[PDB]
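Written below as structure tokens is the structure these notes are about.
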Amino acid sequence: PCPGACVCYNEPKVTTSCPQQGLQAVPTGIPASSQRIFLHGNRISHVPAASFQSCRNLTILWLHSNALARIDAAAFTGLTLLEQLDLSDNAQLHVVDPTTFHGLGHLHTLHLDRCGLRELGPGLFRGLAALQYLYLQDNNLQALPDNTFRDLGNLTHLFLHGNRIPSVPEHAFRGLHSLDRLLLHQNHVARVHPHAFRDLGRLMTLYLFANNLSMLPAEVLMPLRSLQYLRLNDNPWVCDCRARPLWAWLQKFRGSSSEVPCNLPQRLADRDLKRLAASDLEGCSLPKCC
Amino acid sequence: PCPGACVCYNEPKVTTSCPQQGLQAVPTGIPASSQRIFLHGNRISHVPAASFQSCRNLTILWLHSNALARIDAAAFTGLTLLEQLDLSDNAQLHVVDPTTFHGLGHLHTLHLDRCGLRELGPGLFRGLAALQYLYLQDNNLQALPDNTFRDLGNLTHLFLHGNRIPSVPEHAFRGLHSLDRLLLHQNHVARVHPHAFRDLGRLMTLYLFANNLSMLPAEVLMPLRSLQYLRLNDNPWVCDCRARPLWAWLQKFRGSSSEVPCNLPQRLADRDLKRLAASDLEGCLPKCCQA
Ligand SMILES: *[C@@H]1O[C@H](CO)[C@@H](O)[C@H](O)[C@H]1NC(C)=O
Ligand SMILES: *[C@@H]1O[C@H](CO)[C@@H](O)[C@H](O)[C@H]1NC(C)=O
Ligand SMILES: *[C@@H]1O[C@H](CO)[C@@H](O)[C@H](O)[C@H]1NC(C)=O
Ligand SMILES: *[C@@H]1O[C@H](CO)[C@@H](O)[C@H](O)[C@H]1NC(C)=O
Ligand SMILES: *[C@@H]1O[C@H](CO)[C@@H](O)[C@H](O)[C@H]1NC(C)=O
Ligand SMILES: *[C@@H]1O[C@H](CO)[C@@H](O)[C@H](O)[C@H]1NC(C)=O
Ligand SMILES: [Cl-]
Ligand SMILES: [Cl-]
Ligand SMILES: [Cl-]
């Protein structure tokens with residue numbers, strides 16, 4: 001029995017589709033044989049505990065563009081075969097309990113973008129060993145703690161752009177051995193730890209533009225063996241003696257890199273660091289070469 | 001009498017080499033029998049017209065990494081057997097007279113990268129039908145005029161990355177029948193004419209990443225029958241109905257391509273267009289948006 005005004009059909013998968021119905025809550029009586037559930041475009045404000053626990057064969061769950069303000073920690077109990085979870089475009093969600101995604105060992109894609117998330121609680125992504133795509137962009141994250149993605153050994157795409165991340169700690173990207181694309185642009189990153197990119201040996205794309213980086217440590221880009229593309233524009237780069245290690249790296253980098261506009265001193269304003277000669281990077285708590 | 005700043009010999013070819021000498025100008029008294037001249041790594045600012053005109057057997061001329069601000073239109077007058085000319089790493093050059101490379105029917109490689117070239121004069125690459133490599137990357141090219149490489153029938157490599165080229169006209173690449181690699185990445189390319197790749201049948205590599213391409217007609221990739229490597233990433237792709245032709249092309253293309261990440265709409269942001277479904281490419285000036 002199909003609930004409400006939803007559409008229930010069997011091919012290509014058993015699907016319960018209830019998009020854009022003004023639903024205030026998850027409808028009861030969803031067929032337990034459902035493999036895909038589409039609840040996007042509604043006004044659902046909360047997801048109570050075990051809202052879909054009868055749908056053991058559920059692989060796809062869409063809840064984006066709702067009015068989510070609270071997701072119960074046990075909301076996804078019994079969904080061991082879930083592969084896709086779309087919770088995006090829920091600007092009033094703000095916080096997800098760190099135990100919410102536990103047990104989702106088959107989860108391959110997780111959409112948490114534009115949800116107003118303020119923090120990433122410890123253990124939020126624990127045990128998601130099959131995760132490949134993590135969308136965290138356009139939130140309100142003001143920190144990127146260590147070991148946040150420790151168990152995500154299969155993650156290939158991580159999107160953190162459009163947040164308020166102030167810095168990149170040493171073990172923020174630990175365990176991300178399969179990461180291919182890391183987009184951190186449009187944040188507030190004022191500093192990166194010297195060994196923060198240790199496990200990113202397979203990273204091909206790294207976006208760091210539109211941040212607040214004045215300098216980059218020495219050999220911080222050394223582990224990036226597979227790096228093909230690098231974006232460092234729109235940053236207050238200080239082009240004095242401290243910029244010599246980055247300048248020498250950009251001359252040897254056989255991949256593609258963007259412009260590195262200098263912000264200080266006044267005479268070198270809007271000058272690409274890659275074009276400059278080594279003689280221009282002379283002079284100056286302060287860096288060691290000062 | 002070899003110049004004191006230079007080292008002259010003739011074991012492979014007659015060579016007059018004076019690199020990294022701080023020379024203010026071209027040294028006088030260069031042996032006329034020279035087949036290779038290396039003036040790279042100095043502070044030469046001007047290349048007069050009477051220079052090198054005696055070296056009728058000159059094949060290699062190294063002038064990269066200098067302070068070149070002006071090169072006379074007849075600087076390479078009697079250099080008919082000149083095969084390689086390296087003028088790169090001269091940011092203060094800016095302009096090159098369109099008659100500079102006339103008569104160099106034996107020139108195989110031409111380095112003009114990192115010269116601050118703001119434009120490409122008409123007939124600049126005229127007659128250079130022996131040219132195979134053309135280095136124009138990392139300059140300030142604000143346009144790509146029609147028939148710019150019309151006579152470059154033997155050109156295999158064309159490097160045009162790091163400029164500010166806003167678009168690709170219909171006949172910007174006419175005559176490049178032998179073109180093998182075409183690097184147009186890191187520019188301001190916003191639109192490509194539907195027949196811009198007409199004569200690029202033997203093209204294998206095409207880089208268009210880091211540009212301003214919101215859409216790209218699938219008809220422009222039809223002539224590229226030899227295409228093996230395509231990079232379209234880092235573009236403001238709009239993945240709606242207008243991207244359906246480009247999408248169907250990526251499904252049939254069995255060569256290695258980069259990701260085509262969607263910039264708009266927001267729900268498809270950072271999603272690879274190749275991995276999307278045709279149902280995702282619906283809705284919305286493009287002709288499919290209005291109906
Ligand atoms: C789920 O799939 C299994 C195997 O196909 C089937 O036996 C079961 O009835 C389905 N529905 C459930 C567990 O609700
Ligand atoms: C991670 O990817 C590898 C490579 O395909 C695969 O063998 C493995 O099963 C994946 N891990 C999980 C938990 O799915
Ligand atoms: C970061 O840089 C932006 C410009 O890209 C600037 O508006 C902003 O004030 C900077 N913030 C800090 C903390 O430096
Ligand atoms: C160039 O070479 C030819 C034959 O090797 C020789 O006859 C001629 O004099 C040379 N040109 C000079 C030395 O200017
Ligand atoms: C173009 O190259 C071919 C061989 O690659 C050669 O036979 C031909 O003479 C060249 N054309 C010119 C004008 O030098
Ligand atoms: C990029 O291309 C768009 C056209 O879609 C244009 O509006 C914009 O000004 C361009 N920006 C730059 C920096 O060239
Ligand atoms: Cl708020
Ligand atoms: Cl560049
Ligand atoms: Cl470059």
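Every residue number used here counts from 1 along the chain in the order it is shown.
If you check the header, you will see the structure was determined by X-ray crystallography, 2.5 Å.
Every residue, even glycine, has its Cβ placed from backbone N, Cα and C.
Considering B:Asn57, B:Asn212, the record held by Swiss-Prot lists B:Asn57, annotated as N-linked glycosylation site. Looking at the candidates B:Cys241, B:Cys262, Swiss-Prot gives B:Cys262 as the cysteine bonded to B:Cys239 by a disulfide.
Candidates considered were B:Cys241, B:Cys284. The record in Swiss-Prot pairs B:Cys288 in a disulfide bond with B:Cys241. Sequence-remote contacts of a segment are chain residues at least 6 beyond its ends whose Cβ falls under 8 Å from one of its Cβ atoms, and for the repeat 'LRR 8' (B:202-223) they are 161, 166, 176-196, 229-238, 242-243, 245-246, 248-249, 253, 258, 263-264, 286. For the pair B:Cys2 (disulfide bond) and B:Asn154 (N-linked glycosylation site), the Cα-Cα distance reads 37 Å. Neighbours of B:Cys241 (disulfide bond) among the recorded positions B:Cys6, B:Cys18, B:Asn57, B:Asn154, B:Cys284, B:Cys289, defined as a Cα within 10 Å of its Cα, are B:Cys284, B:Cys289. A gap of 14 Å separates the Cα atoms of B:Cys284 (disulfide bond) and B:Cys262 (disulfide bond). Not a single one of the disulfide-bonded residues among B:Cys6, B:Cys8, B:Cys18, B:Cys241, B:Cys284, B:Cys288 has a C-beta coming within less than 6 Å of an atom of ligand 4.
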